[PDB]
Amino acid sequence: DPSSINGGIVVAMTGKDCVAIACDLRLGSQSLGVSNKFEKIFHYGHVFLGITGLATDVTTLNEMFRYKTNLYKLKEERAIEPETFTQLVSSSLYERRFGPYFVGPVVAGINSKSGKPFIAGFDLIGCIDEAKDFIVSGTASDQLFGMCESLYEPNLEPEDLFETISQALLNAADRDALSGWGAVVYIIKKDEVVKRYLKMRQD
Amino acid sequence: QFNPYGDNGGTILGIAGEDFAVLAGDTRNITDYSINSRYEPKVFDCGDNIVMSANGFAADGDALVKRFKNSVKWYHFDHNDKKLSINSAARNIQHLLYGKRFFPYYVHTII
Amino acid sequence: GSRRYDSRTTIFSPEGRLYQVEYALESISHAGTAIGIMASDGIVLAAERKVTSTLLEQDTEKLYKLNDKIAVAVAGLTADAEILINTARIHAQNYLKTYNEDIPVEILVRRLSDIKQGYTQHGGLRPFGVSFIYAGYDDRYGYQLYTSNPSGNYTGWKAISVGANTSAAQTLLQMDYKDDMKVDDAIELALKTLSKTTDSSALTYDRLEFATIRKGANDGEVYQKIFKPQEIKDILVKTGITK
Amino acid sequence: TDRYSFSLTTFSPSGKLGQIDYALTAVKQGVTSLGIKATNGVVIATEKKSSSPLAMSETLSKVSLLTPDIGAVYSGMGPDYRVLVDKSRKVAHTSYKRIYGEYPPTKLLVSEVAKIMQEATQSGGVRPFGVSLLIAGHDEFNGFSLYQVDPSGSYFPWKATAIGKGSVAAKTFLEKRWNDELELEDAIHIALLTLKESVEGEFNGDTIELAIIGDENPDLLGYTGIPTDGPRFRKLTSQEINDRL
Amino acid sequence: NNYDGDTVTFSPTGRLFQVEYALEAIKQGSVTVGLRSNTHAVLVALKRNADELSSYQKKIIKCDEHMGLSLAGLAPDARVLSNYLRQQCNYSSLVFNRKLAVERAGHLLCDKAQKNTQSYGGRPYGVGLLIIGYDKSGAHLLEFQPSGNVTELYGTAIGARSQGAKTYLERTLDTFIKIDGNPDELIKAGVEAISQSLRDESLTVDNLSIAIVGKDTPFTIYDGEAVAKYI
Amino acid sequence: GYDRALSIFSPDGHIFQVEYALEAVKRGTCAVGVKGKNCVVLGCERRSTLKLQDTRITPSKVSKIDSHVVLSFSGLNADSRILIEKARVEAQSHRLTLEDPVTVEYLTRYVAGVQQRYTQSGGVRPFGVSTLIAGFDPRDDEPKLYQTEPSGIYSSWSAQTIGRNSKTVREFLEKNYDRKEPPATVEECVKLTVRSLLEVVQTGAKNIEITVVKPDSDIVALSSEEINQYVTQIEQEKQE
Amino acid sequence: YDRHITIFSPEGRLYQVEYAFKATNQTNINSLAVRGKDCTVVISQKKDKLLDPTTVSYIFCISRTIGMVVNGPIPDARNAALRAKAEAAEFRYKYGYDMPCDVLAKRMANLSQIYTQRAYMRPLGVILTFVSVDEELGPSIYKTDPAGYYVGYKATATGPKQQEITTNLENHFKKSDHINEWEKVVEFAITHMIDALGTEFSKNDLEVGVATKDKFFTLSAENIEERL
Amino acid sequence: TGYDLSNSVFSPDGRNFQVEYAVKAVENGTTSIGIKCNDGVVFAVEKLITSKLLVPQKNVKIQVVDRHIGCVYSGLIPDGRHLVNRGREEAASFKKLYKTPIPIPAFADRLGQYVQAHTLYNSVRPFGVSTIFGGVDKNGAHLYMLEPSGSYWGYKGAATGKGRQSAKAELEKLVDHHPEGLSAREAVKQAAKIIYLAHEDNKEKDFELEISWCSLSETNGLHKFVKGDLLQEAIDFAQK
Amino acid sequence: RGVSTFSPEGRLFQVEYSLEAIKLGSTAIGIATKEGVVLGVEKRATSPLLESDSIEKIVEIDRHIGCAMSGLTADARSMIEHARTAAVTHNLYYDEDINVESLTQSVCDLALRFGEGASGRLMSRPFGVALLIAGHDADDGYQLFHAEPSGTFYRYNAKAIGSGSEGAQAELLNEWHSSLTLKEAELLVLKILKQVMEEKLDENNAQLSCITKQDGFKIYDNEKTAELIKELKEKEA
């Protein structure tokens with residue numbers, strides 16, 4: 001299974017007028033840790049994308065989406081919104097219906113005009129999953145589901161959302177052999193984005 | 001699951017003398033244990049005092065013999081009726097056989 | 001057959017000239033003037049609007065953006081220019097995807113020039129009747145100014161003009177230009193040259209397009225600013241045109 | 001068989017593309033059409049001429065919906081406009097909606113139409129389109145917009161404009177009646193007044209075509225249930241035109 | 001003349017001038033004669049050389065064991081047509097184990113020639129051909145023109161000044177018709193016929209070529225000393 | 001596609017497009033190449049364009065096809081760029097396939113073949129460029145110079161000029177270049193090249209470019225100060 | 001020149017299209033189409049002892065419901081008839097319901113416009129009148145010309161003597177749209193043609209095509225005589 | 001004026017002059033005739049004996065399509081052979097698709113479409129032949145004539161070539177005098193007579209008569225040449 | 001008028017014009033004996049600075065086949081590549097040397113390819129260069145052929161092409177006989193070249209080559225040619 005070769009996990013949650021997206025940092029071949037500094041989260045303006053799966057496919061999709069977002073900004077004279085970027089990701093994935101990318105992309109953002117946080121997840125062929133609470137992806141998806149269905153609350157301040165998402169990520173990663181060599185969290189508001197690196201057991 | 005090949009049996013023998021050559025062949029054609037024919041020649045005179053026999057799968061051998069005879073005809077057409085020697089015929093047959101490197105004729109050839 | 005109707009757009013003349021290229025240059029010589037000036041700390045592009053100068057013309061045609069560090073001024077047919085600009089944008093994005101770095105200005109300019117030359121040599125299609133003034137920044141040479149014509153030749157300039165009054169503008173720019181000028185001095189010189197070469201009663205804000213490429217201004221290393229009509233009016237008042 | 005691989009549009013020694021100029025002449029020989037942009041809408045208007053008195057002029061429409069929020073009108077050659085409208089609708093679907101799930105903004109669709117028209121002036125063995133187009137639309141991030149596209153593929157944004165036989169007089173009239181504060185009803189009235197000058201025959205609801213880009217129309221949306229789901233483009237019936245006359 | 005530019009243009013009277021120019025190219029070639037009886041068919045050809053230090057141009061081409069031809073006009077066109085005929089005969093033999101009939105080969109040449117006079121970008125061929133053969137119907141002689149017309153005749157001649165040979169053949173038809181079983185007599189009749197088209201030259205072993213096919217005779221070419229006994 | 005026969009024969013046996021391409025070469029700026037005892041010198045004339053030209057970024061006529069081989073031209077600049085790109089690709093391909101850099105003659109033959117192919121192919125026009133190709137064969141200390149024309153003919157030459165008033169420069173070279181004793185040092189070759197260029201370029205020493213090619217891939221483009229020094233020396237020796 | 005291929009003249013005209021319009025009148029035959037609010041009727045004016053009369057016709061059956069009448073030379077007419085039949089069959093296969101008359105007319109007009117815009121294609125010197133009884137619009141007459149222009153009609157006439165028939169139809173409609181009556185509509189159209197042109201059309205001088213709700217057919221000479 | 005130099009170019013009066021010139025080419029050919037009898041068709045043609053060296057009874061003109069269609073043509077014979085080959089391909093395709101011999105009107109339409117397609121472009125030349133063809137199908141006997149413009153019609157009797165006027169007059173008299181119709185053998189005799197009468201325009205050369213027929217009661221609906229005693233009887237009747 | 005148009009006299013315009021172009025080229029002479037074939041060309045240097053060693057009008061097609069060219073010599077490179085490929089491919093396919101006549105026919109078939117090929121268009125115009133092909137084979141001994149862009153080739157005892165072809169050929173008519181030795185053929189080629197050349201003959205303005213069954217095709221060095229020129233001068237005077 002190509003999706004379970006390199007490992008890695010990504011979570012996303014909505015809190016009040018804010019959003020949060022977190023990822024692990026491990027990159028390994030099969031069971032040997034190669035790199036602890038492999039970030040799975042990228043941003044194109046104010047839209048954030050986290051990709052799990054094959055590291056090559058992650059890098060390729062990041063480069064392709066940077067290409068497409070730059071061209072979109074040049075033609076439209078405005079940055080792309082999360083809701084339209086979700087459709088773009090879905091179409092890009094479905095264009096490879098038979099030779100698909102083995103990826104787990106997750107989109108998180110805040111709509112500039114409306115101010116409403118937005119979150120979505122995708123399978124490898126571009127099926128869209130819209131959620132008002134959270135989205136998980138990676139080799140530890142079941143552990144993430146278990147953590148999120150218990151820790152999440154419908155409305156949290158960013159300070160509380162940080163603790164919730166960080167604890168969910170850490171406790172799901174400590175039960176996955178292929179995940180966890182460091183962890184990054186992004187807290188995203190209308191006019192501020194904070195990035196925090198967590199402390200972890202490593203092994 | 002089609003198996004485009006066959007066996008057809010047969011046995012041929014070539015011997016070179018000081019001033020002569022001999023090519024002999026069986027005339028029996030069989031499929032597995034039945035006799036298709038008791039007189040089906042497999043040794044032919046392919047012009048310019050050259051004799052040829054391609055033993056094995058009969059269809060491939062017949063196709064190869066027909067192609068070599070046509071090659072002799074076109075060699076005569078394109079080179080002012082020059083006689084095709086035996087080494088040149090051997091090289092031409094090598095090229096004819098290697099032209100089907102990945103779907104070969106299933107025959108052993110003697111000229 | 002169709003041999004009678006062929007005009008043979010890619011053949012030499014007995015003097016060794018290409019008729020279609022010369023005719024396209026003559027066509028360009030009747031378009032709105034564009035001027036590029038490079039100072040020690042930035043680049044100024046100024047295009048004088050010529051067509052569609054009417055009161056009921058919303059600004060919402062001559063200045064375009066290629067990437068975050070390269071912009072162009074257009075003289076000639078607008079639609080052919082848009083075709084070439086789309087190709088250039090795709091090329092810049094391809095270079096960024098391949099090498100994970102911003103494309104040097106000269107590489108993109110040379111690619112566009114090769115595209116232009118191809119129509120001149122092979123095929124039976126007319127050349128592009130467009131001239132470009134490129135203004136860009138890269139880590140190799142810093143600020144760079146180029147021009148390209150339908151002949152496929154590209155040239156780097158300290159100060160250049162393309163359009164209806166290239167001779168007069170170039171004569172004006174040969175003087176009053178120094179290698180140690182600043183961005184504000186370059187803006188003033190470009191506006192003065194446009195005012196002196198304009199064949200109109202006054203140089204108003206609604207017949208101009210302005211752009212600058214410099215460092216800072218609520219950005220990082222390099223910022224591209226495309227002036228709004230109000231900004232153009234303020235600049236005209238400040239310089240001394242007051243029109 | 002088809003050996004016309006060479007351009008039929010070439011530069012004259014004076015630097016003029018003759019075929020594009022001739023297409024512009026064909027446009028200038030066409031009937032009048034107008035566009036006016038108000039603060040809360042856009043109006044597009046044209047005259048409806050009948051080839052024969054026995055022809056049902058209702059079966060031929062000179063104003064066409066491109067997208068639910070974008071419509072168009074023309075002056076010049078009818079069949080060229082019909083083919084161009086088909087191509088524009090197809091490009092709107094295959095270039096934007098199938099990629100982003102949304103209809104394109106007015107400016108991008110105008111740019112695609114302009115690209116199509118430009119390709120007919122440089123590719124081999126073709127004649128340039130002999131039409132000029134006025135395109136009126138609305139998009140969320142830019143508001144209401146009006147554009148004019150020429151046979152050469154040049155397009156310009158207009159507060160108000162006209163094309164056709166009575167272009168100069170209508171342009172002067174619209175220049176004298178622009179104030180940056182008009183509403184949709186004022187624009188419709190001005191368009192009707194300007195058309196009354198350029199029409200020589202009967203001036204009623206059966207000889208005029210009017211369309212508007214205005215507010216969303218939940219009645220022209222044959223389903224209910226999605227709060228985020230409006231067709232701003234609307235074509236006025238002849239009865240409404242007669243009432244406004 | 002504005003109607004002679006290409007092969008897709010009719011004249012107001014309905015003439016194809018490129019075809020007529022190809023026919024004119026034929027009319028300037030060396031004379032060749034074809035003749036036949038009920039058992040044999042013969043070709044006689046007068047060669048030409050550039051100068052004394054040059055060899056003589058070959059005029060007879062073997063198509064198959066039972067078929068051949070002689071050319072008058074543009075030689076490379078004759079090579080193209082002869083290669084096509086060889087391919088067609090080889091195809092007939094390979095696929096049907098059958099000897100191609102002379103009439104069918106004439107039809108094939110007619111069809112190949114017609115396509116070059118109706119479409120832009122191609123010229124008509126510039127050579128005339130005399131084709132002899134022996135098949136299950138006996139001996140056959142055909143005349144081919146680049147307009148596509150193919151005719152079956154007892155005897156004929158093409159090239160410069162071929163009219164005298166044609167008149168001689170027409171006068172002595174009943175004689176050479178019945179020369180059965182005596183190939184030398186038929187060859188001598190053909191040589192005498194081609195002697196009627198000579199004005200300032202005599203037949204020698206260097207400028208005379210002969211070909212013969214027959215009931216038991218494969219298509220064979222004689223030149224040089226092999227024709228010395230027919231002069 | 002477009003495949004019209006643009007280059008055809010005239011009743012007198014001439015191909016007019018090739019002759020017109022030669023006229024286009026005549027309109028181009030003047031380039032010169034001279035052979036030394038152990039070096040090759042390429043000189044080029046800059047057009048007296050506007051003073052607002054940026055020398056750093058404009059293409060400099062003389063292009064290195066490979067670390068040991070350089071090419072200059074006269075005629076249309078963009079066509080020359082196309083030929084230069086093709087030559088560079090071919091040089092890399094040859095170095096890949098044969099594990100050795102190209103010889104000067106091989107690259108010259110390839111470029112001439114491209115030009116001839118354009119003279120004979122349909123739907124294209126011939127290049128309006130003539131070229132000079134200079135260098136040293138790998139591990140060889142023999143200077144090599146070659147000239148290529150729009151028709152496709154190439155030859156070696158000991159000293160050759162192309163473009164504009166090339167006849168005056170060629171007459172000067174024939175009068176002043178000795179086959180028996182070619183210039184010994186690099187300085188003498190550079191002086192001869194500059195003096196030959198000065199016969200047509202009276203607009204000063206600012207519009208002269210000089211490149212020196214020496215074996216073991218030693219290619220040096222001289223600065224304007226050095227060329228000015230050479231020109232001042234020539235001017236001083238002109239009178240006394 | 002600009003008068004040989006389809007490119008613009010300095011006045012913005014296309015001379016080849018105008019010449020094709022001229023070519024549409026090579027046959028001196030007039031045709032008339034009318035609607036009866038329940039059917040559509042077309043009548044043509046077919047006019048040598050060696051010919052077989054039954055093989056001479058300018059009325060085609062494009063499909064089960066759509067009929068066509070052509071004004072112009074018969075080779076281009078048969079070209080267009082074959083093309084229209086293919087288009088209707090493809091439409092029915094692809095979309096699962098019968099092709100309507102107006103959509104077919106639009107498709108043929110688009111093909112004509114393509115001819116007027118592409119150099120290597122010449123226009124067809126024909127005028128095409130499609131008639132049917134559409135399941136959504138009732139009786140329908142549509143007409144297309146070499147310029148790529150098509151429109152629907154209450155009634156129409158084509159040919160050299162079309163002005164007289166058009167004037168007579170317009171006078172009838174002003175007196176008073178459609179005809180309020182298929183046989184009666186056929187007799188009305190026959191009488192209209194007789195009054196417009198003159199003489200007495202025998203059974204061999206005309207051909208009649210009738211389109212009803214589920215069919216389009218052509219009357220024989222005996223049926224035409226029965227009308228007379 | 002200038003409208004006659006290219007195919008598929010409308011003249012100001014709405015004419016295509018290349019097709020008319022093709023008709024002129026057709027008018028220079030020999031006379032070909034077709035007669036429709038009560039249950040079949042008869043085709044007759046005249047072949048000029050330019051030289052006595054032509055082998056008699058060879059050089060067949062009338063051609064067969066499938067096993068039930070007869071074709072003859074006047075004009076440029078190679079064009080007629082091209083058209084007949086196309087018709088044979090069309091008949092083979094129809095038979096392969098629908099497992100039935102192609103009906104005569106369908107074959108006529110396919111030939112007409114092919115001929116008409118050669119008047120649509122200036123890169124091709126119109127066919128210079130007029131073709132009389134026909135046969136028998138399930139509906140009965142059919143006779144058609146096709147012109148270079150691509151227009152074709154069904155006929156009671158058709159004639160083409162140089163002697164077309166007299167042949168048409170004879171055919172009209174024959175049709176007028178036999179309202180009920182004619183039998184196949186009587187049609188063969190009348191075709192011989194009409195060909196002999198039409199040859200009287202061209203008395204400069206001798207001619208040979210060729211006749212074929214396709215009838216239900218004489219050939220069981222197949223096309224067959226007339227070669228035996230019937231041909232001699234027809235010749236004797238014609239010469240009487 | 002296309003590139004494949006017949007004149008009213010029955011000839012193709014482009015082929016005749018290419019022959020006119022060939023008439024402008026430098027002179028090449030071939031002489032065939034029973035001891036081998038001799039080819040000779042003049043090196044028409046335009047300028048004194050042109051290094052004559054770079055002018056190569058005589059090339060090797062195979063060990064037993066050589067060639068000389070006249071006219072637009074740039075067009076000859078493609079044909080030479082074709083001939084070399086044909087010879088090598090024949091050796092690969094048949095393990096034997098190709099006959100000279102077969103190679104010449106292949107070259108002529110290539111030259112035909114501005115129109116229809118010999119087996120049923122690779123260029124827009126015919127070649128503007130004529131070839132002298134010399135060779136030896138076991139079937140026909142020593143052979144000399146003249147090949148033209150019309151697709152027609154001839155066999156010659158001796159032939160001359162180029163600008164001075166008429167006078168050189170007239171001299172060849174009165175000076176060739178079947179008992180010529182190789183050295184006599186070399187001297188005759190040098191004499192006729194000196195007669196037809198405006199410049200004074202020397203080791204740099206012309207070059208010679210020979211084909212023998214033993215040693216194959218070879219091009220003489222300048223020293224041997226200079227010795228031959230000195231011998232010719234001494235014998236003549």
Side-chain angles (χ1 to χ4, degrees), chain D residues 1-2 59 79 82-91 93-94 98, chain G residues 40 58-70 72 75-118 120-124 126-137 140-146 148-152 209 211 213-218, chain H residues 89-90 93-100 102-103 105-114 116-117 120-121 150:
Chain D
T1 52
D2 184 7
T59 64
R82 191 176 67 254
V83 164
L84 210 49
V85 165
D86 293 324
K87 294 184 176 182
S88 305
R89 293 165 170 173
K90 191 171 181 181
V91 173
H93 271 254
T94 65
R98 291 176 184 178
Chain G
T40 312
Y58 292 84
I59 298 182
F60 303 86
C61 302
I62 308 303
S63 65
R64 183 184 174 179
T65 57
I66 296 176
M68 187 182 66
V69 174
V70 187
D76 298 336
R78 287 162 173 162
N79 181 306
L82 185 63
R83 183 62 160 167
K85 292 169 177 176
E87 291 289 340
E90 182 190 359
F91 187 94
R92 203 269 171 246
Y93 173 73
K94 189 175 176 181
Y95 300 111
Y97 66 106
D98 289 355
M99 169 86 102
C101 173
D102 48 303
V103 175
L104 179 62
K106 180 187 181 185
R107 174 57 177 165
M108 299 304 294
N110 284 332
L111 297 177
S112 293
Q113 137 74 205
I114 292 176
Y115 301 158
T116 64
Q117 196 173 6
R118 295 183 186 172
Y120 90 101
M121 290 170 148
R122 71 157 170 94
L124 306 177
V126 292
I127 293 176
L128 312 176
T129 301
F130 302 90
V131 297
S132 79
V133 178
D134 189 68
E135 60 175 338
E136 295 191 27
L137 301 179
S140 307
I141 308 178
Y142 287 79
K143 191 159 68 179
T144 87
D145 63 7
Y149 173 87
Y150 81 104
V151 271
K213 167 189 174 179
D214 54 5
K215 197 180 180 178
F216 169 76
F217 52 93
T218 297
Chain H
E89 287 183 2
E90 297 288 342
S93 291
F94 188 100
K95 200 172 196 172
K96 177 179 177 178
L97 290 182
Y98 309 113
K99 201 186 178 179
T100 174
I102 181 174
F107 178 78
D109 189 70
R110 285 167 182 260
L111 280 192
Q113 300 292 336
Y114 190 71
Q116 130 86 22
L120 292 174
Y121 317 93

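Chain letters run A, B, ... following the sequence lines, proteins first, then strands; residues in each count from 1.
Here H:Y121 pairs with nothing under the side-chain hydrogen bond (donor to acceptor under 3.5 Å, both in side chains) rule; sequence neighbours left out. Listed by chain and residue number, nothing satisfies the salt bridge (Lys or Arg N to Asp or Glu O under 4.0 Å) test with D:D2 (two or more places apart in sequence, or in another chain). With sequence neighbours left out, G:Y150 forms a ring pair (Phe, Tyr, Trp, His ring centres under 6.0 Å) with no residue at all. A search for side-chain hydrogen bond (donor to acceptor under 3.5 Å, both in side chains) contacts involving D:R82 returns G:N110, not counting sequence neighbours. The salt bridge (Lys or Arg N to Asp or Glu O under 4.0 Å) search around H:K95 returns H:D66, not counting sequence neighbours. G:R83 meets the salt bridge (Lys or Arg N to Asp or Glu O under 4.0 Å) test with G:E87; sequence neighbours excluded. Here D:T1 pairs with H:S123 under the side-chain contact (heavy atoms from CB on, under 4.5 Å) rule; sequence neighbours left out. Here H:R110 pairs with H:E90 under the salt bridge (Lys or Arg N to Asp or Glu O under 4.0 Å) rule; sequence neighbours left out. Annotation: side-chain contact (heavy atoms from CB on, under 4.5 Å) contacts of G:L82 (sequence neighbours excluded): H:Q113. By the ring pair (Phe, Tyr, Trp, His ring centres under 6.0 Å) test, H:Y114 pairs with H:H82, H:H118, H:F127, sequence neighbours left out. Scanning for side-chain contact (heavy atoms from CB on, under 4.5 Å) contacts around G:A80 gives G:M108, G:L128, with sequence neighbours left out. By the side-chain contact (heavy atoms from CB on, under 4.5 Å) test, G:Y95 is found to be paired with G:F91, G:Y97, residues two or more places apart in sequence or in another chain being considered.
When every heavy atom of G:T144 is checked against every heavy atom of G:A105, the shortest pair comes out as CG2-O, 3.6 Å.
A 4.5 Å side-chain heavy-atom check between G:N79 and G:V126 finds every atom pair outside the cut-off. With contacts defined as side-chain heavy-atom distances shorter than 4.5 Å, the pair G:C101/G:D134 does not qualify. In this structure, the side chains of H:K99 and H:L97 stay at 4.5 Å or more apart for every pair of heavy atoms.
G:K143 contributes atom NZ, which lies 6.5 Å from atom CD1 of G:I127 (distance to the nearest 0.5 angstrom). With rounding to the nearest 0.5 Å, the separation of NZ in G:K106 from CZ in G:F130 is 14.5 Å.
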